[PDB]
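Right, one structure below, let's go through it.
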Amino acid sequence: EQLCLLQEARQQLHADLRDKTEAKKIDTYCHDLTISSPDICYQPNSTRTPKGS
Amino acid sequence: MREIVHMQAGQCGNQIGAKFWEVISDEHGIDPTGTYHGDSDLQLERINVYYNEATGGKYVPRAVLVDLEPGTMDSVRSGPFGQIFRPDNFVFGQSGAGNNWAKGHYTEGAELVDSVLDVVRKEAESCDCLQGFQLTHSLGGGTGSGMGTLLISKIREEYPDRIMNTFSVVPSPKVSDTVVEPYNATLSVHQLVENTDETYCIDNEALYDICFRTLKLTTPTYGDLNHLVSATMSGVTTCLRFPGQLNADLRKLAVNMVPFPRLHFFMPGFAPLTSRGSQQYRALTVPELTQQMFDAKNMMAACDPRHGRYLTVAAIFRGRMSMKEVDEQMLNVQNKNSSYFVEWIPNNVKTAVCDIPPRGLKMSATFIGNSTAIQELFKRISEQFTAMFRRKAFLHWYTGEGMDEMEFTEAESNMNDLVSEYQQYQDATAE
Amino acid sequence: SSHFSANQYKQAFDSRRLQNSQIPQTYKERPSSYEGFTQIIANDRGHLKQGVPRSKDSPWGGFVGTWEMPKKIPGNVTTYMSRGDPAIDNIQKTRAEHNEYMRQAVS
Amino acid sequence: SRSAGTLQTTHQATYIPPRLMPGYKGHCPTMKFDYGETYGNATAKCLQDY
Amino acid sequence: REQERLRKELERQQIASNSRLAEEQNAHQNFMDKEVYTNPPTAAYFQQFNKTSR
Amino acid sequence: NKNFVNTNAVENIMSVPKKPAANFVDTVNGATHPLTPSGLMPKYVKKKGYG
Amino acid sequence: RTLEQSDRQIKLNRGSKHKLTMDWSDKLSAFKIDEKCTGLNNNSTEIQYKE
Amino acid sequence: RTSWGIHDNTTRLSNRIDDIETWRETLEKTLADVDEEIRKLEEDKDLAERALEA
Amino acid sequence: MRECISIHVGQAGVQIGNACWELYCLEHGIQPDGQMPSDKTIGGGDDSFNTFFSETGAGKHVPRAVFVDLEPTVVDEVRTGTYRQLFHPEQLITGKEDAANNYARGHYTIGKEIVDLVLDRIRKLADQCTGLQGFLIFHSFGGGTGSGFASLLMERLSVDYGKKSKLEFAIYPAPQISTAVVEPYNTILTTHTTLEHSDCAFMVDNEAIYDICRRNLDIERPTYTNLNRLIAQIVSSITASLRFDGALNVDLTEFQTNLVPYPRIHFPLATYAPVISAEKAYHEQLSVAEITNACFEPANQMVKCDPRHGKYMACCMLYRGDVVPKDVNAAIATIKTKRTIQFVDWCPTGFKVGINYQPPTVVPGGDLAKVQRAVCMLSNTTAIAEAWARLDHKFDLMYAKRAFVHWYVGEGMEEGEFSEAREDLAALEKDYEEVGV
Amino acid sequence: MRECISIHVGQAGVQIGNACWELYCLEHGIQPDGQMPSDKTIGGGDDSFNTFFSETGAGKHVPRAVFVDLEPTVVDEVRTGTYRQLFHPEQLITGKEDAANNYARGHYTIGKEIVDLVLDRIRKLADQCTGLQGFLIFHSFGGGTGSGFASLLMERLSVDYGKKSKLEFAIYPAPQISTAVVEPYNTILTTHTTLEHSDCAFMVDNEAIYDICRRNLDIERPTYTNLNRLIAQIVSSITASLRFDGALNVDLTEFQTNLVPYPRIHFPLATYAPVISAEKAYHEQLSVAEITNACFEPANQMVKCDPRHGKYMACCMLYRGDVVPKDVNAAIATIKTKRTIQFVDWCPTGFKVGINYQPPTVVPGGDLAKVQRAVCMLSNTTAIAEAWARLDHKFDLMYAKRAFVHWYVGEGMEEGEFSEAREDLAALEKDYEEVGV
Amino acid sequence: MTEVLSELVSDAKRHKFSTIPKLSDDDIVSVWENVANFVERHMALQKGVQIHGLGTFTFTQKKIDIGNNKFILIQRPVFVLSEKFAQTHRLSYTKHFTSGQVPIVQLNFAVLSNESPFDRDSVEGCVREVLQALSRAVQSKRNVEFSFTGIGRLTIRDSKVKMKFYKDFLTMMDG
Ligand SMILES: Nc1nc2c(ncn2[C@@H]2O[C@H](COP(=O)(O)OP(=O)(O)OP(=O)(O)O)[C@@H](O)[C@H]2O)c(=O)[nH]1
Ligand SMILES: Nc1nc2c(ncn2[C@@H]2O[C@H](COP(=O)(O)OP(=O)(O)OP(=O)(O)O)[C@@H](O)[C@H]2O)c(=O)[nH]1
Ligand SMILES: Nc1nc2c(ncn2[C@@H]2O[C@H](COP(=O)(O)OP(=O)(O)O)[C@@H](O)[C@H]2O)c(=O)[nH]1
Ligand SMILES: [Mg+2]
Ligand SMILES: [Mg+2]
């Protein structure tokens with residue numbers, strides 16, 4: 001009974017940690033973006049706030 | 001936000017309603033837990049018509065399951081889509097019915113009706129528009145007939161401005177399965193004609209015939225019967241849940257189909273219904289759906305459309321289609337078989353079009369017919385009733401549970417003069 | 001309660017010119033003249049005194065809601081031309097019924 | 001309790017200072033300066049009333 | 001003509017500010033609908049039953 | 001053996017029209033509210049003992 | 001294996017959306033260039049002797 | 001205000017990178033704590049279960 | 001300045017209003033957001049849109065329409081999709097219970113629930129209007145809201161607004177195709193109450209346009225979108241002279257004066273020409289005389305009443321495009337010399353011409369081919385007496401046994417209204433007989 | 001020297017003032033701690049706050065208010081809230097034990113233990129201000145502190161200050177919605193002693209505010225916070241003429257002289273227009289003509305009554321923002337030419353306008369929108385005769401068999417006071433009828 | 001004030017268009033006498049007569065449990081208005097808490113036509129036209145006092161319905 005709970009707590013943390021590592025990948029990509037970067041342009045909406053924010 | 005309260009009485013009514021909520025939960029993409037798992041928002045706009053919000057994204061059906069035998073209550077709780085229902089609106093008794101209309105009406109069936117009406121009142125004033133009440137049962141047993149008619153009378157006494165549509169499985173004589181079913185049917189048709197203002201009579205022999213010819217169906221059992229009944233249950237209220245080119249709800253169908261108040265027993269149908277071997281030989285076209293609606297063997301009320309004259313015909317289509325094609329087909333049927341139509345009503349067809357087909361099919365159709373051929377099943381019930389009332393058979397049960405023979409005479413006289421009213425309106429000159 | 005004219009500017013201040021497509025209410029244009037020492041004909045309460053020619057209209061004004069309008073409306077023909085004599089007669093009949101029911105509802 | 005978040009009145013929920021007035025989901029997304037805390041465990045009551 | 005253009009630009013500024021306030025107010029309304037005004041009972045509401053044998 | 005065609009048309013001639021519901025809506029979405037209790041219909045100014 | 005395939009389709013979708021936003025941003029900026037050009041008349045104050 | 005505007009949000013993005021790492025490291029250590037705890041519990045599950053045939 | 005208020009009541013009215021305001025936005029260059037594509041100066045800067053669209057302080061075009069229905073499905077479908085930001089949400093009135101094909105439900109029940117709110121929205125729009133020209137009321141003579149609430153609303157409009165123009169666009173039940181069953185009952189009861197509170201009612205059925213789409217457009221199975229697009233073209237050709245400069249301008253106050261010879265005779269027909277597709281217009285040289293002959297042909301009529309069976313009273317010809325008044329005059333002269341077209345003896349001057357220079361716009365992905373000239377043909381003829389006689393025969397067949405009367409009475413209308421309505425249209429029927437001689 | 005003393009009696013008054021001083025300090029740029037920021041956001045001295053805020057030696061801006069209640073926790077949550085440093089400590093006066101919905105307990109037993117202290121505090125504030133212009137008493141007619149102690153307080157203010165103006169903001173009980181059973185007793189007991197000791201009492205109904213928030217702001221489930229924000233905007237629009245600049249400005253002595261015809265008919269009605277949210281405020285005209293048409297509307301009154309079923313006496317109109325006198329004039333002219341409004345016979349001139357320049361200030365967390373125009377309309381109509389007659393009927397239902405009278409008898413008051421209150425309000429009914437005659 | 005004798009029966013007899021013009025003013029009164037005896041004899045055996053029309057005659061059982069298998073019952077016969085007629089004519093019914101432990105029987109045309117020298121086609125019209133005439137009297141705003149002789153009088157004064165039960169009925173139906 002306890003091993004199934006300990007497995008379940010591992011499964012919650014691993015799904016959380018997988019989100020943290022590649023959210024840092026997003027934020028590092030935004031941090032390294034500069035004025036002279038070629039992947040930089042006007043956006044259609046940009047300043048929207050998505051649902052689940 | 002017009003919305004319908006569903007009630008289901010007896011084993012037959014409970015199984016039909018379980019299949020009905022299964023079908024209209026597939027139509028809205030709702031899992032048996034209660035969450036919405038669909039793809040489009042069209043399945044989510046009018047989800048309040050049949051489902052009530054719970055905490056989170058849970059959708060609890062607005063259904064009341066009533067029975068005097070707890071075994072069917074356990075069966076419909078533990079069967080497919082049994083988790084969707086609320087355990088509080090599972091009011092039951094632990095006595096039984098015994099296929100006795102007197103026991104279901106004037107005895108312990110009337111013990112349960114207090115809690116039954118409490119549950120239905122809770123669901124009814126949990127509303128905001130409350131389109132009407134929709135009941136399913138059978139006129140063959142005790143709880144289906146007696147208790148069902150008791151709920152019909154009480155709900156009509158409470159809210160006599162709401163659309164009350166009941167379906168009811170009428171007994172066929174060549175299916176039998178009960179010896180007191182003419183008594184149970186005659187004692188309940190009186191309450192049906194007097195109180196209910198929309199009735200879609202369904203017959204088990206017609207269902208079996210549809211399964212055995214139009215669907216082959218080597219062993220249909222009671223699953224396919226309730227499946228077809230659920231198809232016609234969804235096809236009459238599809239326009240409340242989905243938008244369309246020409247909308248028509250239960251009140252509009254009742255207005256356009258019922259000429260006189262005690263003239264409201266219908267002949268439902270569905271299309272397409274294609275066998276597996278003939279699946280690839282068939283192309284779904286609006287004339288093909290119109291023909292399969294206007295085919296005699298496709299009927300679900302054991303009447304023959306050629307054996308009578310239609311008064312009014314409601315035709316509810318589903319899917320993307322052409323209004324011109326629909327209108328020319330529904331005019332061409334009137335122009336072709338004009339002899340099977342009353343001439344004192346021009347345009348004997350109400351037409352509705354909804355552009356949201358069921359999951360799977362691209363087009364589908366639903367027939368509702370206020371034919372005067374509905375009198376033949378009532379005549380069969382009346383002749384079996386007088387056959388087993390000539391010698392006063394099986395009356396000791398009803399007199400023990402508290403009825404006199406005068407109630408049986410009222411039931412026979414009301415059924416006889418209702419059939420005579422059908423015959424008189426059927427054999428009427430134009431003007 | 002006093003829409004007492006504008007002389008040169010009566011061409012303006014019209015309901016048609018100030019975006020009021022509804023029919024307008026007729027106040028008394030062209031003010032009159034008096035002599036002086038008007039009677040007080042009241043008290044310090046809002047009363048009308050005894051012997052004053054009190055009106056017979058409703059103190060709360062004349063207005064009818066939707067659920068007390070007549071079920072039938074004549075239609076404001078105001079023409080009485082190219083119609084038959086029974087048409088003229090029953091148009092007068094519905095006009096009289098309209099006026100009577102509005103008068104009864106106001107009073 | 002702490003876990004249910006039920007000790008907030010209507011006045012404390014709505015009458016927040018105007019410099020931080022347009023909050024999101026009943027919080028202040030910019031006024032937040034305490035991150036990464038480890039000392040403190042949530043007991044059975046805290047995890048049951050969450 | 002410059003006064004008319006200034007009036008129209010002031011109107012446009014008001015529209016932009018009202019659009020930001022509108023998205024904030026819609027977020028607040030959705031927050032108060034899907035949260036706050038809901039009552040799902042937790043385990044502590046049922047824990048306080050059957051905790052005494054007497 | 002009564003003539004149902006005649007004995008339905010008779011009360012179709014001379015059955016009772018019901019009084020329409022004295023209520024109103026204002027939300028551009030429905031939301032029917034009764035008008036007689038409400039605040040809009042004047043009845044207490046009539047009363048019997050207003051003065 | 002399906003998770004690593006679904007991660008590829010996410011980057012392909014956002015890669016293709018990025019190429020659209022390359023083109024759409026060029027249309028907005030070209031719209032503003034033609035926006036000031038259409039408004040130029042003889043009495044325009046914008047106007048200039050230039051090579 | 002434009003040159004300082006980019007620099008202000010570059011530090012805000014850099015603050016969030018350090019903000020995730022304060023929680024990404026603690027969640028990584030708890031996974032090592034859970035994995036060690038699972039390994040210890042499976043051995044002690046086996047020890048009592050090997051005592052069943054004893 | 002030439003403001004018009006469009007009240008779309010019923011499902012038919014709301015769908016026709018969708019197809020109308022789409023064409024109006026395409027004409028005036030309005031996106032489905034309410035904004036000009038370019039700035040205030042270029043690509044616009046005019047004030048030609050104020051007949052239909054009012055302008056807020058920022059430059060957002062919002063329509064002068066009031067969408068009314070008692071069911072919520074169609075109005076919510078308008079509220080959520082494409083033109084979701086164009087239409088005003090307070091001008092999208094909907095209710096809970098529909099009238100369910102019942103004149104008396106739409107007249108005394110739920111129709112009377114909403115009329116205060118509808119008149120409030122209408123008077124707000126009229127206060128916005130600064131030179132209002134009239135009300136274009138789009139409805140059907142079918143069932144429910146299009147009959148009962150439309151008749152009640154027009155009664156209230158006649159009560160409060162005086163003698164303002166109240167032009168109906170009415171979907172008349174076709175002689176063979178008809179959807180509802182109680183449709184003759186509703187049509188009798190609504191024409192009885194809209195005989196007096198009306199100025200003019202353009203009568204546009206569905207079966208004639210079905211035959212037109214089969215024969216001239218080769219669709220062979222059209223739908224409500226195509227039907228409402230043709231109706232939108234009709235109303236655009238009618239209202240064009242209030243927005244576009246022309247040789248002969250026609251305003252909304254003129255149609256009653258030039259199409260109503262006698263009171264209670266205010267039901268003219270409608271026809272659009274040249275309604276034809278591109279692969280057929282490739283082979284044609286479409287000119288003024290040809291499209292006038294197409295208008296007077298008894299197959300392009302958009303109501304199934306052939307003019308061979310009656311006499312014309314009035315004839316409004318709205319020419320629209322690169323049309324020349326010389327060829328207009330020649331075409332009308334040769335129509336007058338033509339004998340199959342028959343005009344009544346007491347009307348030597350039976351024609352009224354309105355010429356507008358704006359070419360007929362085309363909806364992208366539409367049905368109609370682009371042409372340089374078009375005619376809105378608007379005739380008041382005695383051939384509609386056949387349709388009135390057929391509908392009265394249907395009413396008498398339904399009313400001899402008095403089926404479907406218990407619904408109306410048991411939810412609130414007196415049964416004497418049926419008899420007085422049938423008497424009113426019998427008087428109308430004799431009126432058409434006496435006008436025809 | 002345009003100072004105003006704001007008294008807030010009862011729970012309703014305390015919460016209304018809690019939402020009100022928020023809006024005042026946001027308008028005047030005063031921080032929640034009471035310290036005005038050192039330059040960089042404000043210009044110069046800028047002593048426009050002096051009408052509501054005084055200047056201590058520490059630079060703190062303490063308001064000219066008094067929050068008085070016969071209960072803890074309701075003023076104590078203010079003392080422990082976000083404005084704990086803005087209010088003086090004994091400025092906020094609390095009792096120990098409730099009057100508890102009892103006029104007798106709030107007027108004869110518990111009120112005469114705190115009335116002396118609140119009079120002393122009012123005396124200190126009045127001695128501090130040198131241009132004392134009036135009192136603003138915010139209370140409710142639900143009863144307890146809001147009725148008994150408010151009546152006692154106004155009775156002592158009448159003899160202490162004499163002819164100084166005393167405006168009231170009274171939360172009148174709703175017709176069908178009631179949070180207390182004994183509300184008719186409390187309201188009719190306080191509206192027998194208020195009449196000879198008042199000047200003008202604006203009348204606000206919670207159910208009407210609920211309906212306004214439901215049909216305009218699109219909040220389907222509003223809250224007392226939203227209510228008190230609306231009354232805060234009303235009183236801000238009233239007092240903006242004292243703090244800000246305008247074309248023609250309205251003194252507090254205007255509100256008695258230009259609004260009440262007779263000494264005991266001093267119950268006018270507030271109305272705010274527009275009251276629209278930001279989701280729909282981008283999509284209307286915000287014109288002064290439309291906001292006048294909206295404030296002259298039964299669907300936008302702050303009290304649940306129909307003004308079309310009665311005659312107006314006076315209308316004090318505070319136009320606030322970017323308004324111009326001629327568009328104001330044309331709006332008033334078209335209202336005077338409307339049908340549904342009928343003025344009373346003896347009052348030719350029934351309007352009094354005040355044009356201000358400062359636009360309304362929006363709270364960032366409220367429900368309203370940033371607009372350039374607003375109208376606070378104060379209407380003295382005869383439609384409150386229905387409300388007074390309803391109160392008299394609800395009094396006569398209970399008092400016919402001496403229900404709930406033993407509490408009032410035992411708690412100081414005698415039996416006859418109910419009879420004199422009933423006779424006084426019957427005389428008020430007769431006055432309201434004979435004025436309309 | 002409007003009784004049942006000599007006005008409603010006369011209107012239902014002449015009644016311009018009538019199903020039953022042959023039966024006399026004594027006969028329509030006697031068939032409602034039979035209806036009254038029918039309602040009496042079925043309510044005596046703890047049942048309730050429901051007529052589609054006016055309404056339903058039931059009880060209000062006031063059952064207080066004494067203890068040791070004893071109970072005191074206060075019985076009161078009540079007449080609940082049919083809600084269809086109440087909504088049609090807007091009469092303010094008196095709501096009565098009626099339990100479902102009362103068997104409910106419809107009006108028995110077979111019983112009313114058995115001992116009568118008449119038939120079903122006449123006994124059905126004898127109640128339908130009387131309900132229609134009572135509805136016409138409600139339209140006419142005349143004070144209706146429609147009698148149920150042997151039971152009580154149903155009074156419609158001004159938008160209100162109340163039934164006064166007779167003393168003998170109230171003392172032999174109480175149990
Ligand atoms: N030309 C055209 N006619 C339509 C359209 N939709 C509905 N109709 C007509 O409307 C009739 C059906 O009645 P409706 O007008 O829709 O009824 P309603 O106004 O919505 O009121 P209810 O009966 O309560 O639903 C049909 O006979 C059609 O002829 C449409 O989109 N185009
Ligand atoms: N508009 C508005 N009214 C309120 C508010 N809070 C309370 N009320 C009104 O106050 C009435 C009840 O009287 P209270 O103000 O609560 O009581 P009190 O004046 O403090 O006197 P006590 O009853 O002795 O405590 C209710 O009917 C409400 O209408 C509020 O926040 N806004
Ligand atoms: N079509 C159909 N008929 C059924 C079903 N179950 C039972 N019946 C019929 O119902 C009749 C008996 O009714 P019953 O269920 O006993 O009614 P109850 O006593 O109230 O539960 C039998 O003649 C069956 O033919 C079903 O699932 N579908
Ligand atoms: Mg509709
Ligand atoms: Mg309090």
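Note on naming: chains are A, B, ... as they come in the structure tokens, residues start from 1 per chain, ligands start from 1 in the order shown.
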Tell me as a PDB file with N, CA, C and O atoms, in the first residue's frame which residues belonging to chain B come within 9 Å of chain K, counting only C-alpha atoms.
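Ended up saving to iface_0.pdb:
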```
ATOM      1  N   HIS B 105     -50.736   1.408  -8.297  1.00  0.00           N
ATOM      2  CA  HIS B 105     -51.448   2.679  -8.216  1.00  0.00           C
ATOM      3  C   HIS B 105     -52.027   2.987  -6.843  1.00  0.00           C
ATOM      4  O   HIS B 105     -51.727   4.040  -6.280  1.00  0.00           O
ATOM      5  N   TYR B 106     -52.851   2.101  -6.280  1.00  0.00           N
ATOM      6  CA  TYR B 106     -53.615   2.401  -5.074  1.00  0.00           C
ATOM      7  C   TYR B 106     -52.998   1.813  -3.809  1.00  0.00           C
ATOM      8  O   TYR B 106     -53.593   1.918  -2.733  1.00  0.00           O
ATOM      9  N   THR B 107     -51.823   1.200  -3.917  1.00  0.00           N
ATOM     10  CA  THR B 107     -51.122   0.572  -2.802  1.00  0.00           C
ATOM     11  C   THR B 107     -49.732   1.179  -2.722  1.00  0.00           C
ATOM     12  O   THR B 107     -49.529   2.302  -3.188  1.00  0.00           O
ATOM     13  N   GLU B 108     -48.784   0.455  -2.114  1.00  0.00           N
ATOM     14  CA  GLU B 108     -47.416   0.890  -1.813  1.00  0.00           C
ATOM     15  C   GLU B 108     -46.685   1.618  -2.944  1.00  0.00           C
ATOM     16  O   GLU B 108     -45.686   2.298  -2.692  1.00  0.00           O
ATOM     17  N   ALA B 110     -48.191   4.028  -4.217  1.00  0.00           N
ATOM     18  CA  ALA B 110     -48.527   5.364  -3.736  1.00  0.00           C
ATOM     19  C   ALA B 110     -47.851   5.695  -2.410  1.00  0.00           C
ATOM     20  O   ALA B 110     -47.980   6.824  -1.929  1.00  0.00           O
ATOM     21  N   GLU B 111     -47.171   4.731  -1.786  1.00  0.00           N
ATOM     22  CA  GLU B 111     -46.303   5.058  -0.659  1.00  0.00           C
ATOM     23  C   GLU B 111     -45.040   5.764  -1.135  1.00  0.00           C
ATOM     24  O   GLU B 111     -44.564   6.709  -0.497  1.00  0.00           O
ATOM     25  N   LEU B 112     -44.487   5.317  -2.261  1.00  0.00           N
ATOM     26  CA  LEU B 112     -43.228   5.854  -2.757  1.00  0.00           C
ATOM     27  C   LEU B 112     -43.394   7.202  -3.453  1.00  0.00           C
ATOM     28  O   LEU B 112     -42.417   7.958  -3.553  1.00  0.00           O
ATOM     29  N   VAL B 113     -44.615   7.541  -3.881  1.00  0.00           N
ATOM     30  CA  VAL B 113     -44.815   8.701  -4.745  1.00  0.00           C
ATOM     31  C   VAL B 113     -44.552  10.009  -4.004  1.00  0.00           C
ATOM     32  O   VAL B 113     -44.253  11.019  -4.640  1.00  0.00           O
ATOM     33  N   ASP B 114     -44.596  10.008  -2.668  1.00  0.00           N
ATOM     34  CA  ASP B 114     -44.223  11.203  -1.914  1.00  0.00           C
ATOM     35  C   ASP B 114     -42.753  11.554  -2.121  1.00  0.00           C
ATOM     36  O   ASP B 114     -42.419  12.683  -2.500  1.00  0.00           O
ATOM     37  N   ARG B 156     -48.972  16.538 -13.903  1.00  0.00           N
ATOM     38  CA  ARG B 156     -49.877  17.418 -14.637  1.00  0.00           C
ATOM     39  C   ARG B 156     -50.714  18.277 -13.691  1.00  0.00           C
ATOM     40  O   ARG B 156     -51.008  19.435 -14.008  1.00  0.00           O
ATOM     41  N   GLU B 157     -51.081  17.748 -12.520  1.00  0.00           N
ATOM     42  CA  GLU B 157     -51.758  18.579 -11.529  1.00  0.00           C
ATOM     43  C   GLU B 157     -50.841  19.666 -10.982  1.00  0.00           C
ATOM     44  O   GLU B 157     -51.315  20.738 -10.595  1.00  0.00           O
ATOM     45  N   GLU B 158     -49.532  19.409 -10.938  1.00  0.00           N
ATOM     46  CA  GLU B 158     -48.599  20.408 -10.426  1.00  0.00           C
ATOM     47  C   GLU B 158     -48.287  21.483 -11.464  1.00  0.00           C
ATOM     48  O   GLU B 158     -48.388  22.681 -11.174  1.00  0.00           O
ATOM     49  N   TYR B 159     -47.907  21.080 -12.676  1.00  0.00           N
ATOM     50  CA  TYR B 159     -47.461  22.002 -13.724  1.00  0.00           C
ATOM     51  C   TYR B 159     -48.245  21.745 -15.005  1.00  0.00           C
ATOM     52  O   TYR B 159     -47.753  21.074 -15.922  1.00  0.00           O
ATOM     53  N   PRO B 160     -49.477  22.272 -15.109  1.00  0.00           N
ATOM     54  CA  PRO B 160     -50.303  22.070 -16.304  1.00  0.00           C
ATOM     55  C   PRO B 160     -50.063  23.110 -17.398  1.00  0.00           C
ATOM     56  O   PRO B 160     -51.001  23.607 -18.030  1.00  0.00           O
ATOM     57  N   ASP B 161     -48.798  23.445 -17.631  1.00  0.00           N
ATOM     58  CA  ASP B 161     -48.436  24.321 -18.737  1.00  0.00           C
ATOM     59  C   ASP B 161     -47.173  23.838 -19.433  1.00  0.00           C
ATOM     60  O   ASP B 161     -46.677  24.524 -20.335  1.00  0.00           O
ATOM     61  N   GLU B 194     -56.103  11.389 -21.000  1.00  0.00           N
ATOM     62  CA  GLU B 194     -56.716  12.486 -20.266  1.00  0.00           C
ATOM     63  C   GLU B 194     -55.698  13.508 -19.772  1.00  0.00           C
ATOM     64  O   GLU B 194     -55.996  14.707 -19.766  1.00  0.00           O
ATOM     65  N   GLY B 402     -57.916  -3.084  -4.091  1.00  0.00           N
ATOM     66  CA  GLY B 402     -58.823  -1.965  -3.929  1.00  0.00           C
ATOM     67  C   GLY B 402     -59.329  -1.290  -5.186  1.00  0.00           C
ATOM     68  O   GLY B 402     -59.234  -0.066  -5.318  1.00  0.00           O
ATOM     69  N   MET B 406     -66.208  -1.147 -11.985  1.00  0.00           N
ATOM     70  CA  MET B 406     -66.628   0.064 -12.678  1.00  0.00           C
ATOM     71  C   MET B 406     -65.443   0.838 -13.245  1.00  0.00           C
ATOM     72  O   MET B 406     -65.581   1.503 -14.278  1.00  0.00           O
ATOM     73  N   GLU B 407     -64.275   0.756 -12.599  1.00  0.00           N
ATOM     74  CA  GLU B 407     -63.074   1.360 -13.170  1.00  0.00           C
ATOM     75  C   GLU B 407     -62.673   0.669 -14.466  1.00  0.00           C
ATOM     76  O   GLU B 407     -62.262   1.329 -15.430  1.00  0.00           O
ATOM     77  N   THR B 409     -64.801  -0.831 -16.461  1.00  0.00           N
ATOM     78  CA  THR B 409     -65.796  -0.407 -17.446  1.00  0.00           C
ATOM     79  C   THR B 409     -65.505   0.998 -17.967  1.00  0.00           C
ATOM     80  O   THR B 409     -65.686   1.264 -19.162  1.00  0.00           O
ATOM     81  N   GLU B 410     -65.061   1.909 -17.091  1.00  0.00           N
ATOM     82  CA  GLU B 410     -64.645   3.234 -17.548  1.00  0.00           C
ATOM     83  C   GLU B 410     -63.471   3.146 -18.508  1.00  0.00           C
ATOM     84  O   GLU B 410     -63.433   3.860 -19.515  1.00  0.00           O
ATOM     85  N   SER B 413     -64.761   1.844 -21.852  1.00  0.00           N
ATOM     86  CA  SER B 413     -65.572   2.840 -22.548  1.00  0.00           C
ATOM     87  C   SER B 413     -64.719   3.979 -23.093  1.00  0.00           C
ATOM     88  O   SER B 413     -64.956   4.456 -24.211  1.00  0.00           O
TER      89      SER B 413
END
```
TODO: Write down as a list in words the residues belonging to stretch 9-126 of chain I that are assigned strand (DSSP E) by DSSP computed on the backbone.
DONE: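 Of stretch 9-126 of chain I, the ones in strand (DSSP E) are residues 9, 53, 54, 55, 61, 62, 63, 65, 66, 67, 68, 69, 92, 93 and 94 of chain I.
Atom CA of residue D:3 is positioned 10.6 Å from atom CA of residue D:43.
Proximity to chain B was assessed for I:299, I:154, I:14, I:242 counting only C-alpha atoms; the smallest distance is recorded for I:14.
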TODO: Pick out each residue of chain E that DSSP on the backbone tags as alpha helix (DSSP H); I need them as JSON, numbers by chain.
DONE: {"E": [2, 3, 4, 5, 6, 7, 8, 9, 10, 11, 12, 13, 14, 15, 16, 17, 18, 19, 20, 21, 22, 23, 24, 25, 26, 27, 28, 29, 30, 31, 32, 33, 34, 43, 44, 45, 46, 47]}
- [ ] Name all residues at most 9 Å from stretch 38-51 of chain G (count only C-alpha atoms; drop same-chain ones fewer than 6 positions away) and give them as a PyMOL selection string.
- [x] chain I and resi 41-43
- [ ] Identify, on the basis of only C-alpha atoms, every residue whose closest approach to residue D:31 does not exceed 12 Å; exclude the query and any residue fewer than 4 positions from it along the same chain; express the result as a VMD selection string.
- [x] chain D and resid 17 19 to 21 23 to 24 27 35
